[PDB]
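The structure appears below as structure tokens.
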Amino acid sequence: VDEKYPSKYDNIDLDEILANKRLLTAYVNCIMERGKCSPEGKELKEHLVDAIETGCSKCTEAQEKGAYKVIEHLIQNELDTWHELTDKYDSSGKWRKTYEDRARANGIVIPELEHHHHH
């Protein structure tokens, strides 16, 4: 095995997790504390939880960008999973709405918003 830092992910293996339903499901089980975490799962869980709890106040710029890549993919493609995560970690809904606004600003609007726009 050629991986000295198993706890450690970049933008590409994040893209690969986000692209596969069963990998995404496993990593989400890890972040939701209903499944065992890979080392990289633990790293992503710490940063993603901090993103929802405090807007990644404890994160570097790059760690927040990784968390937002995950959050943006969830808002567009897995809204119910996104709402599971915010129900678990967003003490009242501030980062739920802030991240949703930021996604929409980056052109990544929720499906319903696209439907109202095209109806």
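Chain labels run A, B, ... following the order of the structure tokens; each chain numbers its residues from 1, and ligands are numbered from 1 in the order shown.
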
For region 35-43 of chain A, list every protein, DNA or RNA residue within 8 Å, evaluated using only C-alpha atoms, and leave out those in the same chain fewer than 2 positions away; present the list as JSON, numbers by chain. {"A": [6, 7, 8, 9, 26, 27, 29, 30, 31, 32, 33, 45, 46, 47]}

Which region 32-90 of chain A residues have any atom within 9 Å of an atom of region 13-19 of chain A, and for each, what is the nearest pair of atoms with distance in Å to one decimal, counting only C-alpha atoms, rows sorted by chain and number, as a tab-separated table?
```
residue	atom	partner	partner_atom	distance
A:66	CA	A:14	CA	7.8
A:69	CA	A:14	CA	8.1
A:70	CA	A:18	CA	7.2
A:73	CA	A:18	CA	7.1
A:74	CA	A:18	CA	8.6
```

Go ahead and write the residues just picked, N, CA, C and O atoms, as a PDB file, in the first residue's frame.
```
ATOM      1  N   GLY A  66     -12.486  22.536   1.117  1.00  0.00           N
ATOM      2  CA  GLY A  66     -12.805  21.104   0.999  1.00  0.00           C
ATOM      3  C   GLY A  66     -14.178  20.821   1.566  1.00  0.00           C
ATOM      4  O   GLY A  66     -14.975  20.143   0.885  1.00  0.00           O
ATOM      5  N   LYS A  69     -16.813  22.205  -0.824  1.00  0.00           N
ATOM      6  CA  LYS A  69     -16.957  21.316  -2.004  1.00  0.00           C
ATOM      7  C   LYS A  69     -17.985  20.234  -1.652  1.00  0.00           C
ATOM      8  O   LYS A  69     -18.942  20.037  -2.425  1.00  0.00           O
ATOM      9  N   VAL A  70     -17.827  19.607  -0.489  1.00  0.00           N
ATOM     10  CA  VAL A  70     -18.758  18.558   0.006  1.00  0.00           C
ATOM     11  C   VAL A  70     -20.152  19.168   0.182  1.00  0.00           C
ATOM     12  O   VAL A  70     -21.127  18.544  -0.250  1.00  0.00           O
ATOM     13  N   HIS A  73     -21.978  20.036  -3.116  1.00  0.00           N
ATOM     14  CA  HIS A  73     -22.434  18.803  -3.803  1.00  0.00           C
ATOM     15  C   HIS A  73     -23.694  18.298  -3.097  1.00  0.00           C
ATOM     16  O   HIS A  73     -24.665  17.907  -3.790  1.00  0.00           O
ATOM     17  N   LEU A  74     -23.712  18.349  -1.759  1.00  0.00           N
ATOM     18  CA  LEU A  74     -24.891  17.853  -1.004  1.00  0.00           C
ATOM     19  C   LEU A  74     -26.121  18.733  -1.303  1.00  0.00           C
ATOM     20  O   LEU A  74     -27.204  18.179  -1.513  1.00  0.00           O
TER      21      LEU A  74
END
```

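Shortest atom-to-atom contact with residue 68 (chain A) among A:21, A:28, A:11, A:2: A:11, counting only C-alpha atoms.
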
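Separating CA of residue 49 (chain A) from CA of residue 72 (chain A) is a distance of 14.4 Å.
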
Determine, using only C-alpha atoms, which residues of region 24-91 of chain A have any atom at most 8 Å from an atom of region 103-114 of chain A, and tabulate each with its shortest atom pair and distance in Å to one decimal place, rows ordered by chain and then rising number, as CSV.
```
residue,atom,partner,partner_atom,distance
A:72,CA,A:103,CA,5.7
A:75,CA,A:110,CA,6.3
A:76,CA,A:110,CA,5.2
A:79,CA,A:110,CA,7.8
```

May I have the residues from that selection written out with C-alpha atoms, as a JSON list (two decimals), in the first residue's frame?
```json
[["chain", "number", "residue", "atom", "x", "y", "z"],
["A", 72, "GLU", "CA", -22.18, 22.36, -2.33],
["A", 75, "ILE", "CA", -27.16, 20.95, -1.52],
["A", 76, "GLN", "CA", -27.45, 20.28, -5.34],
["A", 79, "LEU", "CA", -30.64, 17.90, -0.08]]
```

Suppose you want the space between CA of residue 119 (chain A) and CA of residue 98 (chain A); what is it in Å? 25.8 Å

DSSP helix (DSSP H, G or I) residues within chain A, as number ranges by chain: A: 11-19, 21-31, 39-54, 61-77, 79-89, 94-105, 111-118

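Here CA of residue 84 (chain A) stands at a distance of 21.5 Å from CA of residue 63 (chain A).
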
Need the shell around residue 86 (chain A): protein/DNA/RNA residues with any atom at most 8 Å away, counting only C-alpha atoms. Skip same-chain ones fewer than 6 positions apart. Format as a PDB file with N, CA, C and O atoms, in the first residue's frame?
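File out_25.pdb, as written:
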```pdb
ATOM      1  N   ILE A  52     -20.418  23.392   9.703  1.00  0.00           N
ATOM      2  CA  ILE A  52     -21.862  23.547  10.023  1.00  0.00           C
ATOM      3  C   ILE A  52     -22.014  24.224  11.397  1.00  0.00           C
ATOM      4  O   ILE A  52     -22.940  25.019  11.568  1.00  0.00           O
ATOM      5  N   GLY A  93     -29.752  26.950  12.497  1.00  0.00           N
ATOM      6  CA  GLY A  93     -29.960  27.062  11.034  1.00  0.00           C
ATOM      7  C   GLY A  93     -29.147  28.153  10.321  1.00  0.00           C
ATOM      8  O   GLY A  93     -29.420  28.384   9.123  1.00  0.00           O
ATOM      9  N   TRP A  95     -25.766  28.319   9.441  1.00  0.00           N
ATOM     10  CA  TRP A  95     -24.793  27.832   8.436  1.00  0.00           C
ATOM     11  C   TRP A  95     -25.532  27.051   7.360  1.00  0.00           C
ATOM     12  O   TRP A  95     -25.101  27.136   6.193  1.00  0.00           O
ATOM     13  N   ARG A  96     -26.671  26.450   7.706  1.00  0.00           N
ATOM     14  CA  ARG A  96     -27.584  25.859   6.695  1.00  0.00           C
ATOM     15  C   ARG A  96     -27.918  26.909   5.624  1.00  0.00           C
ATOM     16  O   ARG A  96     -27.723  26.632   4.399  1.00  0.00           O
TER      17      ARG A  96
END
```

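Among A:60, A:22, A:115, A:53, the residue with the shortest atom-to-atom distance to residue 87 (chain A), counting only C-alpha atoms, is A:53.
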
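Of the listed residues A:50, A:118, A:59, A:65, the one whose atoms come nearest to residue 91 (chain A) is A:50, with distances taken using only C-alpha atoms.
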
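Distances here use only C-alpha atoms; by that measure, the residue among A:24, A:85, A:48, A:67 closest to residue 10 (chain A) is A:67.
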